[PDB]
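Below, chain A is the first sequence line, B the second, and so on; all start at residue 1. Note: hydrogens, waters and symmetry copies are ignored here, and every other heavy atom, side chains too, is used.
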Amino acid sequence: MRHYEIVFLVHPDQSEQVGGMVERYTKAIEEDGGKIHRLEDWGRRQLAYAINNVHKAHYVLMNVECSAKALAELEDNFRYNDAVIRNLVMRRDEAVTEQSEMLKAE
Amino acid sequence: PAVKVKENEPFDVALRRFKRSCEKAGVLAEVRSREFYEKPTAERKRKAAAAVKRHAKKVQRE
Amino acid sequence: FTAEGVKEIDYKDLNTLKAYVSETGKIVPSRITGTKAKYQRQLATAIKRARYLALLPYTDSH
Amino acid sequence: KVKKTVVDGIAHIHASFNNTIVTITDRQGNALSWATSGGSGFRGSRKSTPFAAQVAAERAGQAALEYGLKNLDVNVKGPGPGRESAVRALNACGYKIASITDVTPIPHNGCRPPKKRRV
RNA sequence: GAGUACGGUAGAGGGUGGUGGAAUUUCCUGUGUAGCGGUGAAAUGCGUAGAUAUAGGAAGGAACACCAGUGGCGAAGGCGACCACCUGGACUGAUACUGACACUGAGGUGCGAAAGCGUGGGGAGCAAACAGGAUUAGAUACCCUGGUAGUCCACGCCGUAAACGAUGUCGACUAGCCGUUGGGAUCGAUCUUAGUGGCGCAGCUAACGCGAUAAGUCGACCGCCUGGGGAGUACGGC
Ligand SMILES: [Mg+2]
Ligand SMILES: [Mg+2]
Ligand SMILES: [Mg+2]
Ligand SMILES: [Mg+2]
Ligand SMILES: [Mg+2]
Ligand SMILES: [Mg+2]
Ligand SMILES: [Mg+2]
Ligand SMILES: [Mg+2]
Ligand SMILES: [Mg+2]
Ligand SMILES: [Mg+2]
Ligand SMILES: [Mg+2]
Ligand SMILES: [Mg+2]
Ligand SMILES: [Mg+2]
Ligand SMILES: [Mg+2]
Ligand SMILES: [Mg+2]
Ligand SMILES: [Mg+2]
Ligand SMILES: [Mg+2]
Ligand SMILES: [Mg+2]
Ligand SMILES: [Mg+2]
Ligand SMILES: [Mg+2]
Ligand SMILES: [Mg+2]
Ligand SMILES: [Mg+2]
Ligand SMILES: [Mg+2]
Ligand SMILES: [Mg+2]
Ligand SMILES: [Mg+2]
Ligand SMILES: [Mg+2]
Ligand SMILES: [Mg+2]
Ligand SMILES: [Mg+2]
Ligand SMILES: [Mg+2]
Ligand SMILES: [Mg+2]
Ligand SMILES: [Mg+2]
Ligand SMILES: [Mg+2]
Ligand SMILES: [Mg+2]
Ligand SMILES: [Mg+2]
């Protein structure tokens, strides 16, 4: 009904709770009747520039079918989280499920 | 912007490569285009003159 | 582009987006690449969005 | 009567239209020797010429040779003349030019520049 | 003719929040020492009470390089960082529907660059007024060093511009050629729409020049002109 393709990258020093964080973030989509369409993790990346005196971060993307309340709660948790460091939301008028780039190399 | 020196290259390829990279980046043009404030009327006037000259040059080939 | 490959582009094909940036980290004008205007607009917005996520550098120096 | 050694430093060129300033530091950015075209004895229009830049750069390099400094990263900043003259002046002193970079600052939009001159 | 219903397309159209990177300035700290800055040449100014340069950290305000285009959108004024939310219009294709419901418009009603005014915030850069240094016969200027209102934000007022295409709105006709922005068809080519540019036949014009985006051929309605000054001034009204 209102699609949202979110890309979120998290601090490296505590980049082990990324599981815990993603499966505690996606607890609101299903209760709202929304379907998860993609959840891709390709973390341990190198930044193009130093964000708050770090050079690496753990990336992730997920596609969400949510409403105003769930979305606003998501950005509330993002803003008040000390590991958010960056975030983006990218509404689309269609649903995408077929990967982003994976590792085309070996 | 930055230049690589390698294979004990002589100190003639180094400067030429540095100059070529600098003009590719156009550092001098940008820094020259900011030594004084250039008001939007002059913006539009200069761009219109550039457009008319560019079209005249394009037509003049035929 | 036109015939078969990718009717639309996004901030995912980092190879294609990297193919359309100068070595100093600036978008290449459409008069050089010879592309269409609509695709040029999509390309510029894709590059800026990808640049915000630190996938691409704002400047080559940083 | 204090002595210390250093190897593989960095030399900065600040080449503005009026004057060019050459300085030498380590990788930590601590001044070792500096020289100015104004100090080289020009004091006027000559101060802007590339030859004054050459003289100042070679003088600073010869002053800094007391510490060894078998390697240099030279970085330039400014659009004034003598942008490349000081590079050759330093190469004449007998250093190893490890790399050459420009650090000319380019504002994206930034503050507005001063009013246009009417001369 | 005008409008409605249904899929799509593009866009700096408008409003409310949040978030980015470059750069300037200021403060703190390390190294280091005699100049920095500026000019046509200088000087004022900043420096051994340790400056400029150089490295690290911090604060804050404003504008949004490259894309960028005879490019786009808007009734005009105007509108360029990115994202979310609210919202107007225009193009585009087929079918169905209403059945003249249209055009213009004295008065009236709103929107309306910049500068300016009121109340309260904010203040990095720039910079009327102003101070000092030059130039000069003089220089209440051009040039240089500083610098306050203002420029920014919220709410309210003000009603003006070479607010210009110096060209009112609406409709219908009239040889062609070369581009370009959106969209369609038929087989890179041909055709067709709605814009945006360059030439040009008739025709028009005092001439310049306009020439399907008329200043040509015609219709409908409105506004305005009647020698130069005095003067868009005086008096009166609002
Ligand atoms: Mg100046
Ligand atoms: Mg300093
Ligand atoms: Mg610093
Ligand atoms: Mg306009
Ligand atoms: Mg104003
Ligand atoms: Mg005011
Ligand atoms: Mg005010
Ligand atoms: Mg006030
Ligand atoms: Mg100030
Ligand atoms: Mg002044
Ligand atoms: Mg000043
Ligand atoms: Mg000031
Ligand atoms: Mg006043
Ligand atoms: Mg305001
Ligand atoms: Mg205008
Ligand atoms: Mg008029
Ligand atoms: Mg007249
Ligand atoms: Mg009108
Ligand atoms: Mg008309
Ligand atoms: Mg109308
Ligand atoms: Mg009409
Ligand atoms: Mg018509
Ligand atoms: Mg013509
Ligand atoms: Mg006439
Ligand atoms: Mg006439
Ligand atoms: Mg008539
Ligand atoms: Mg009539
Ligand atoms: Mg008529
Ligand atoms: Mg009269
Ligand atoms: Mg008379
Ligand atoms: Mg009279
Ligand atoms: Mg009056
Ligand atoms: Mg009278
Ligand atoms: Mg009166």
Q | Proximal nucleotide (of E:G182, E:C83, E:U31) relative to the C:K38 side chain | A | E:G182
Q. If we call it a pair only when both distances are under 3.5 Å in a Watson-Crick or G-U wobble match, what pairs with E:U4?
A. E:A96
Q.
Could you check whether E:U136 and E:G184 make a Watson-Crick or G-U wobble pair, counting it only if both donor-acceptor distances come in under 3.5 Å?
A. no
Distance-only donor-acceptor pairs under 3.5 Å for side chains of residues 48-62 of chain B, two or more places apart:
from	atom 1	to	atom 2	distance (Å)
B:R61	NH1	B:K57	O	2.3

Q. Phosphate oxygens OP1/OP2 of E:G38: is one of them under 4.0 Å from a side-chain N or O of D:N18?
A. yes
**Q.** Step-by-step side-chain contact (heavy atoms from CB on, under 4.5 Å) determination, D:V55 to D:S40
**A.** CA-CA 7 Å; D:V55 161; D:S40 307; 4.0 Å; yes
Q: Once you apply the 3.5 Å cut-off to both distances, tell me the Watson-Crick or G-U wobble partner of E:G150, or none.
A: E:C126
Q: Can you tell me, in whole Å, how much space there is between the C1' of E:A166 and that of E:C101?
A: 40 Å
Q: Would you confirm whether the neighbouring bases E:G89 and E:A90 count as stacked, given the thresholds of 5.5 angstrom between ring centres and 30 degrees between planes?
A: yes
**Q.** Contact under 4.0 Å: C:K48 side-chain N or O vs E:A81 OP1/OP2
**A.** no
Q) What integer distance in Å separates A:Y80:OH from E:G18:P? A) 11 Å
**Q.** Syn-anti status, with the boundary at 90° from 0, for the nucleotide E:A214
**A.** syn
Q | side-chain N/O D:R112 vs E:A124 OP1/OP2, d < 4.0 Å | A | no
Q. Can you name the closest pair of heavy atoms from D:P114 and B:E35 and give their distance?
A. CD-O, 4.3 Å
Q. Counting only distance, no hydrogens or angles, is the base of E:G32 paired donor-acceptor with the side chain of D:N30 under 3.5 Å?
A. no
Q: Describe the nucleic acid contact of D:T23 in one word from base, sugar-phosphate, nothing, applying a heavy-atom distance below 4.0 Å.
A: sugar-phosphate
(Q) Ring-plane angle category for C:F1 and C:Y20, please: parallel below 30°, perpendicular beyond 60°, tilted otherwise. (A) tilted
Q) When we call it a touch if two heavy atoms are under 4.0 Å apart, what does C:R31 touch: a base, just sugar-phosphate, or nothing? A) nothing
**Q.** Stacked cation flag C:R51 on C:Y58, 6.0 angstrom / 45 deg
**A.** yes
Q.
In whole Å, I'd like the distance from the NZ atom of D:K47 to the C1' atom of E:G38.
A. 8 Å
(Q) As a test of reading the structure: which of E:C126, E:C83, E:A55 is closest to the side chain of A:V89, going by heavy atoms? (A) E:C83
Q: Remember a base hit wins even if backbone is also touched, and classify C:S30 as base, sugar-phosphate or nothing at under 4.0 Å, heavy atoms.
A: sugar-phosphate
Q | N/O (side chain, A:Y4) to phosphate O (OP1/OP2, E:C85) under 4.0 Å | A | yes
Q) Of all the choices, E:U54, E:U70, E:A51, which nucleotide is nearest to the side chain of D:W34 once you look at every atom? A) E:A51
**Q.** Under 4.0 angstrom between D:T36 side-chain N/O and E:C36 OP1 or OP2
**A.** yes
Q: Quick one: label B:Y37 by what it contacts on the DNA or RNA (base, sugar-phosphate, nothing), any heavy atom closer than 4.0 Å.
A: nothing
**Q.** Sorted by number, the residues of residues 71-79 of chain D with heavy-atom contact under 4.0 Å to RNA chain E
**A.** D:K77
Q. Parallel, tilted or perpendicular: which fits the ring planes of D:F42 and D:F51, with parallel below 30° and perpendicular above 60°?
A. perpendicular
Q: Taking atom CZ of B:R46 as the centre, report whether more than 12 heavy atoms of other residues, nucleotides or ligands fall under 6.0 Å from it.
A: yes
(Q) Return the pairing partner of E:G11 with a 3.5 Å limit on both distances, Watson-Crick or G-U wobble; otherwise return none. (A) none
**Q.** Assigned partner base of E:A175, Watson-Crick or wobble definition, under 3.5 Å
**A.** none
Q.
Applying the 3.5 Å rule to both hydrogen-bond distances, is there a Watson-Crick or wobble pair between E:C36 and E:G45?
A. yes
Q) Should D:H108 be listed as having a side-chain N or O under 4.0 Å from OP1 or OP2 of E:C66? A) no
Q | Candidates E:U70, E:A124, E:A68 - which lies nearest the side chain of B:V52 | A | E:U70
Q. Is the shortest side-chain N/O distance from D:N19 to OP1 or OP2 of E:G38 below 4.0 Å?
A. no
**Q.** Closest to side chain of D:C111, choosing from E:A84, E:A53, E:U24
**A.** E:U24
(Q) Please encode protein proximity along nucleotides 139-146 of chain E as a string of B, S and -, counting only heavy-atom distances under 4.0 Å. (A) ---SSS--
Q) Among the nucleotides E:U19, E:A68, E:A65, which one has an atom lying closest to any side-chain atom of C:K26? A) E:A65
Q) Looking at D:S48 and D:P81, what are the two nearest heavy atoms and their distance? A) O-CG, 3.1 Å
Q.
Quick one, C:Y11 with C:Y52, criterion ring-ring contact (aromatic ring centres under 6.0 Å, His included). Give me CA distance, side-chain angles, the key distance, then yes/no.
A. CA-CA 11 Å; C:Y11 63 95; C:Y52 177 62; over 10 Å; no
Q) Which one, E:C83, E:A10, E:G32, comes nearest to the side chain of C:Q42? A) E:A10
Q | Length of the line joining A:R79:CZ and E:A84:P, which is rounded to integer Å | A | 15 Å
**Q.** Side chain of D:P107 - closest among E:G182, E:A23, E:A53
**A.** E:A23
(Q) Closest approach to the side chain of A:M90, judged atom by atom: which nucleotide of E:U181, E:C83, E:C66 is it? (A) E:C83
Q. Is there a side-chain polar atom (N or O) of A:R86 under 4.0 Å from OP1 or OP2 of E:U19?
A. no
Q) Is any side-chain N or O of B:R34 closer than 4.0 Å to OP1 or OP2 of E:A22? A) no
Q. Within the structure shown, what part of the strands sits under 4.0 Å from C:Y52 by heavy-atom distance: base, sugar-phosphate, or nothing?
A. sugar-phosphate
Q.
What's the closest nucleotide to the side chain of D:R43 if the choices are E:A53, E:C85, E:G37?
A. E:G37
Q. Any side-chain N or O of C:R41 under 4.0 Å from OP1/OP2 of E:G11?
A. yes
(Q) Using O4'-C1'-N9-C4 for purines and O4'-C1'-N1-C2 for pyrimidines, with syn meaning within 90° of 0, is E:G229 syn or anti? (A) anti
Q.
Can you confirm whether E:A59 and E:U25 pair in Watson-Crick or G-U wobble fashion, both distances under 3.5 Å?
A. yes
(Q) With the 90 degree cut-off around zero defining syn, does E:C101 come out syn or anti? (A) syn
Q) Is there a Watson-Crick or G-U wobble pair between E:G72 and E:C201, both distances under 3.5 angstrom? A) no
Q. Would you call A:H11 and A:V54 a side-chain contact if the rule is heavy atoms closer than 4.5 Å?
A. yes
